[PDB]
2 protein chains.
Amino acid sequence: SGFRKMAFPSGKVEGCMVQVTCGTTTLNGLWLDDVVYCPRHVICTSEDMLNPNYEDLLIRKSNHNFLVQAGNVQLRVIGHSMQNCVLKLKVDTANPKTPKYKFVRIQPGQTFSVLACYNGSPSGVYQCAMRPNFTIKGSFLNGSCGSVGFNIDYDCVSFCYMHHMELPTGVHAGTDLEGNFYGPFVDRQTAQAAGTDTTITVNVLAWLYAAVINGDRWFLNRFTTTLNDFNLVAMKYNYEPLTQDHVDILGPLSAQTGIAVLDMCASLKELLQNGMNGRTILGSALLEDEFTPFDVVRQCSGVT
Amino acid sequence: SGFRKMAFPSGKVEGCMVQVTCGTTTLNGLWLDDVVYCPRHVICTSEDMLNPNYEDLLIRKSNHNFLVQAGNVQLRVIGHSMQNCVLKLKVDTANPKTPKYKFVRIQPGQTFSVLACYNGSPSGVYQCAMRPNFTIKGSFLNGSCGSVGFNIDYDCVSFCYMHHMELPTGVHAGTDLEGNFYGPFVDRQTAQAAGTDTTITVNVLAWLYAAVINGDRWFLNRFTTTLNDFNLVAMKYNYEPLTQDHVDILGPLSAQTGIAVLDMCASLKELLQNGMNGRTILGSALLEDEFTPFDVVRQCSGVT
Ligand SMILES: Cc1ccncc1NC(=O)CN1CCC(C)CC1
Ligand SMILES: Cc1ccncc1NC(=O)CN1CCC(C)CC1
């Protein structure tokens, strides 16, 4: 028992972190095989950040301008290319610690672990989710750019995020490993306001199942609801609409606890309409939405 | 910006996890140098758990009864001894991935990361703290025994916790790496009720400094207090008494924010007496006490 915000073990990703310096900017790179991935804004100066033309800025850069340091040993750069908002630096040495990996683009609501890094060195690991407005609420400082977000399926690391920037509101924006930003964000020092940060309903429901499994049951009520009725209440509370697919994904949790998904929706409806009354659920005073149904099943079953 | 419950990167500890089987019990062991550390309850059966006499049970065990598996290769056990509540299994091979390490016994309030494991394999990493009643609120299942808690100072891993058991109330008990339990807990299947889980005041204050640093400032008030006045309010709310040592440890945070420690105590006093009024601080609806002043400084400065 006990339910914690749990990150994936970071070792496989730690073995991929390198330092990339270009000009006077130092950030992090991800070394997989003979390629190092890093944000393209590494080639920018103070005056470039405002309205950079990366194709133009990249012409003035050569292979020897990208300084790649793995641990404290230098990697030789034999090629460089720009793929969307990331640079792919081909090095002469394949990463000996390269795990089995995939590049995946995640959907809003999906969770992942971040291994925050500074100067190619890991400083910490935390769990977070892709918000429905395509921001992430990370914990990043200057120099953390190039830190990655990932998932693990036993031995395969699915890389889903690369950190690029902090928006003026302190929230975070980044790309998948193909260089495409999540959301409408652009790697420019400009006014980019995020959209509505709605609550990931399916995740909240999965965490209510996690609470019942671990003994916090006070919130279970004598009511039920429909998808349409629940969604009227969810729209009012800035909660994402619940679909039949979400209900299906919750099936394993409904089966283990014997609580119908729509009964759990009714319990959530009353928590939304009445508050917690100073009470807590899994040590939290708000409804937690950064655990997917898959994360709850994994933590409650002990997948390694 | 952004403040997350951040765990230490787990790679150095992942390289130490092994599977220990004795009889029909399989748990985790920590392989450091030529010694494997694991809970002594690995030698127990169903009938032993109630009132085990580990010196007696250990006589019937030999080196070849302890099955140590590192990855999927077997380690030869050439010696075994009992140190308090942990077994030290001397193996013929030194762990090639042994990091620089220390064994330290932490005080209540101190935080650490746990690398939860099943069958010697890491399943996740989370951050938690030694409660003032010497329990921990982990996330552990059957088979997680032998999972460790640790801190890292650049390259040195300070091992502080080894998981041994779940109390009947779902909370967790364990030992330091010398086999001494934190608290009055004993490795027996018996009624052991935990004492008062008081709030770690100094940690809450440090997290209020973390909130001010990241822009959540609504809770800052026009008041101040004394240690004696604050402690009258803290005793009433089951908060640990604040000492001058805690005030000193908060010095770096007081200096960076320009907010006197006693001013922050007065802000905490009003949050205790008035609640949050449906508002949040660092995305939380309760006062978080699992970040030490050192953790806040580390996360806000980016120590690697
Ligand atoms: C300071 C900080 C904190 C947390 N995360 C990231 C950063 N840095 C940036 O976002 C810098 N920024 C400059 C303009 C570039 C086009 C994109 C990168
Ligand atoms: C099931 C579980 C969940 C989370 N953490 C641990 C466990 N297991 C135990 O605590 C088992 N227990 C049996 C009696 C022994 C003296 C000590 C170990």
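Residues numbered from 1 in each chain as written, not as in the entry; some residues may be left out. Chains lettered and ligands numbered in written order. Heavy atoms only, no water.

Chemist: Help me understand the pattern of salt bridges, please; the structure alone is not making it clear to me.
Modeler: Two side chains that carry opposite charge are able to pair once their charged atoms sit near each other. Within the structure shown, the criterion is met by 24 salt bridges over all chains. The structure contains a network of salt bridges with shared partners spanning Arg4 of chain A together with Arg131, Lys137, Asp197, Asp289 and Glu290 of chain B. (Salt bridge = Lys/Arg side-chain N within 4 Å of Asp/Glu carboxyl O.)

Chemist: I would appreciate a short explanation of the interface of chain A and chain B in the present structure.
Modeler: One frequent convention defines the size of an interface as the accessible area lost when the parts assemble. Counting residues at the interface gives 43 residues for chain A and 43 residues for chain B. Contact between chain A and chain B buries roughly 3,000 Å² in total, counting both sides, with carbon and sulfur atoms accounting for 52%. At the boundary of chain A with chain B, the tally comes to two salt bridges. Across the pair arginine 4 of chain B and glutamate 290 of chain A runs a salt bridge whose closest N-O atoms are separated by 2.9 Å. Our count for the contact surface shared by chain A and chain B stands at 25 residue pairs in polar contact. (Contact = heavy atoms within 4.5 Å. Buried area = accessible area lost by both parts, 1.4 Å probe. Polar contact = N/O pair within 3.5 Å; in protein donor to acceptor, adjacent residues only side chain to side chain.)

Chemist: What's the story with the relation of the copies chain A and chain B in this structure? I'm lost.
Modeler: Here two copies of a chain appear, and what relates them is a rotation about an axis with a shift along it. Superposing chain A onto chain B takes a rotation of 180 degrees plus a shift of 0.0 Å along the axis, which leaves an RMSD of 0.0 Å. Both chain copies can therefore be described as sitting about a two-fold axis. For chain A, the smallest separation between a C-alpha atom and the rotation axis is recorded for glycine 11 of chain A, amounting to 1.8 Å. Here 100% of the contact residues of chain A are again contact residues in chain B; the copies associate through an equivalent surface. (Least-squares fit on C-alpha atoms.)

Chemist: Got a minute to help me understand the packing of aromatic side chains in this structure?
Modeler: Aromatic rings considered in pairs are described by the distance between their centres and by the relative angle of their planes. Residues and elements named next belong to chain A. Enumeration according to the criterion identifies 14 aromatic pairs over all chains in this entry. Between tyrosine 101 and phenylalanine 103, the ring centres sit 5.6 Å apart and the planes meet at 50 degrees, which makes this aromatic pair tilted. The class for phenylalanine 103 is partly exposed, based on a relative accessible area of 29%. A ring pair is formed by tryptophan 218 and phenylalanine 219, whose centres lie 6.0 Å apart and whose planes are at 85 degrees; its orientation type is edge-to-face. (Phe/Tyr/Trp six-rings, centres within 6.5 Å; stacked < 30°, edge-to-face > 60°. Buried < 20%, exposed > 50% of the residue type's maximum accessible area, 1.4 Å probe, protein only.)

Chemist: Help me understand the site of ligand 1 in this model?
Modeler: Residues and elements named next belong to chain A. Inspection of the region around ligand 1 gives 15 residues, with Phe140, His163, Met165, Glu166 and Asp187 positioned closest. Residue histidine 163 places a side-chain N or O atom 2.9 Å away from a nitrogen atom belonging to ligand 1. Here an oxygen atom of ligand 1 sits 3.1 Å away from a polar atom, N or O, in the main chain of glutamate 166. Surface burial for ligand 1 is 86%, taken as the share of its 450 Å² of free accessible area covered by protein chains. The greatest single-element share of the shell around ligand 1, amounting to four residues, is contributed by strand β12 (residues 156-166). Residue classes in the shell around ligand 1 are distributed as six nonpolar, six polar and three charged. (Near = heavy atom within 4 Å. Areas by Shrake-Rupley, 256 points an atom, 1.4 Å probe, with all protein chains shown as cover. Helix = DSSP H or I, 4+ residues; strand = E, 2+ residues; numbered from the N terminus. Nonpolar A, V, L, I, M, F, W, Y, C, P; charged D, E, K, R; others polar.)

Chemist: What am I meant to see in the site of ligand 2 here?
Modeler: Residues and elements named next belong to chain B. With respect to spatial proximity, 15 residues lie near ligand 2, and among them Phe140, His163, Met165, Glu166 and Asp187 are the closest. Within the side chain of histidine 163, a nitrogen or oxygen atom sits 2.9 Å from a nitrogen atom of ligand 2. The separation between an oxygen atom of ligand 2 and a polar main-chain atom of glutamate 166 is 3.1 Å. Coverage of ligand 2 by the protein amounts to 86% of the 450 Å² it exposes when considered alone. With four residues, strand β12 (residues 156-166) is the largest single contributor of residues to the shell around ligand 2. Of the residues that constitute the shell around ligand 2, the class distribution is six nonpolar, six polar and three charged. Counting the residues that make up the shell around ligand 2, at least three belong to each of domain 1 (1-14 + 100-197) and domain 2 (15-99). (Domains from an automatic or database assignment.)

Chemist: Got a minute to help me understand the pairing of strand β7 (residues 86-91) of chain B in this structure?
Modeler: Consecutive side chains of a regular strand alternate in pointing toward one face of the sheet and then the other. Residue and element names in this part refer to chain B. Pairing analysis gives five bridges linking strand β3 (residues 35-39) to β7, with the strands arranged antiparallel. Bridged to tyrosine 37 within β7 is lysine 88. Bridging between strand β6 (residues 77-83) and β7 involves six bridges; their strand directions are antiparallel. Each bridged residue has a counterpart across the sheet, and for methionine 82 the counterpart in β7 is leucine 87. As consecutive antiparallel partners, β6 and β7 are separated by two residues, and within that stretch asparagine 84 has a phi angle of approximately 60 degrees, a positive value. (Pairing = 2+ DSSP bridges.)

Chemist: Can you walk me through the nonpolar core in this structure?
Modeler: It is characteristic of soluble globular proteins that their nonpolar side chains tend to be buried jointly. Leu30 and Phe159 of chain A together with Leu30 and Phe159 of chain B are the most contacted members of the largest nonpolar core, which has 40 residues in total. Residues within four places of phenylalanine 159 of chain B in sequence aside, it is in contact with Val13, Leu30, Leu32, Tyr101, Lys102, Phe103, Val104, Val148, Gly149, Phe150 and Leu177 of chain B. In terms of nonpolar packing, the next biggest core, distinct from the first, is built from 36 residues, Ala210, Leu268, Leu272 and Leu287 of chain B among them. (Core = buried A, V, L, I, M, F, W, Y, C linked by side-chain atoms within 4.5 Å.)

Chemist: Mind showing me how you'd approach the sheet that holds strand β6 (residues 77-83) of chain A here?
Modeler: Whether parallel or antiparallel, the strands of a sheet pair through hydrogen bonds between backbone atoms. Residue and element names in this part refer to chain A. In space, the seven strands of this open sheet follow the order β5-β4-β1-β2-β3-β7-β6, with antiparallel pairing throughout. If you trace the sheet from one side to the other, it starts and ends with β5 (73-75) and β6, each paired once. Between one strand axis and the next, the sheet turns by 30 degrees as a mean value, whatever way the strands run. (Axes fitted to C-alpha atoms, helices over the stretch in contact; angles between N-to-C directions.)

Chemist: Before we go on, may I ask you to explain helix α7 (residues 261-274) of chain B in this structure?
Modeler: Because an α-helix completes one turn every 3.6 residues, residues spaced three or four positions apart along the sequence face the same direction. Residue and element names in this part refer to chain B. When the terminal C-alpha atoms of α7 are compared, their 20 Å separation across 14 residues agrees well with the 20 Å that a helix rising 1.5 Å per residue should span. Within the sequence span of α7, burial applies to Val261, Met264, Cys265, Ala266, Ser267, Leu268, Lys269, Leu271 and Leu272. Against the buried residues of α7 lie α3 (201-213), α4 (227-236), α5 (244-249) and α6 (251-257). (Expected span 1.5 Å × (residues − 1).)

Chemist: In this structure, what is going on with the domain arrangement of chain A? I would like to understand it.
Modeler: Residues and elements named next belong to chain A. Domains assigned within chain A are domain 1 (1-14 + 100-197), domain 2 (15-99) and domain 3 (198-301). Computed from C-alpha atoms alone, the centre-to-centre distance between domain 1 and domain 2 is 18 Å. Taken together, the contact pairs 33 residues of domain 1 with 27 residues of domain 2. Buried area between domain 1 and domain 2, both sides added, is near 2,300 Å², and the carbon and sulfur share of it is 56%. Across the pair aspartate 187 and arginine 40 runs a salt bridge, and its minimum N-O distance is 2.8 Å. Taken together, the connections running from domain 1 to domain 2 amount to 17 residue pairs in polar contact. Listed by contribution, the elements that provide at least two residues to the side of domain 1 that touches domain 2 are α1 (11-14), β8 (100-103), β9 (111-118) and β12. Sorting elements by how many residues they give to the side of domain 1 that touches domain 2 places β12 first, with five residues. Looking at the side of domain 1 that touches domain 2 residue by residue, the class counts come to 13 nonpolar, 14 polar and six charged.

Chemist: Even after reading the chapter, I still don't get the packing of helix α3 (residues 201-213) of chain A against helix α7 (residues 261-274) of chain A, so can you show me in this structure?
Modeler: For any two helices packed against each other, the geometry is given by the interaxial angle and the distance between the axes. All names here are of chain A. Where α3 contacts α7, the two axes come as close as 10 Å, and the packing angle between them is 100 degrees. When the interaxial angle is binned, α3 and α7 end up roughly perpendicular. On α7, the residues that touch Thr201, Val204, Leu205, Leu208, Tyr209 and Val212 of α3 are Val261, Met264, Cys265, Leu268 and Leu271. (Parallel < 35°, antiparallel > 145°, perpendicular 65-115°, else oblique.)

Chemist: Looking at this structure, I do not really get the sheet that holds strand β2 (residues 25-32) of chain B. What am I missing?
Modeler: All names here are of chain B. Spatially, β5-β4-β1-β2-β3-β7-β6 is the arrangement adopted by the seven strands of the open sheet, whose pairing is antiparallel. The sheet is open, and its two borders are formed by β5 (73-75) and β6, each paired with just one other strand. Ignoring strand direction, the axes of neighbouring strands in this sheet form an average angle of 30 degrees. For β2 and β3, the ladder comprises three bridges, and the chain directions are antiparallel. In the strand pairing of β3, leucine 30 is matched with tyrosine 37.

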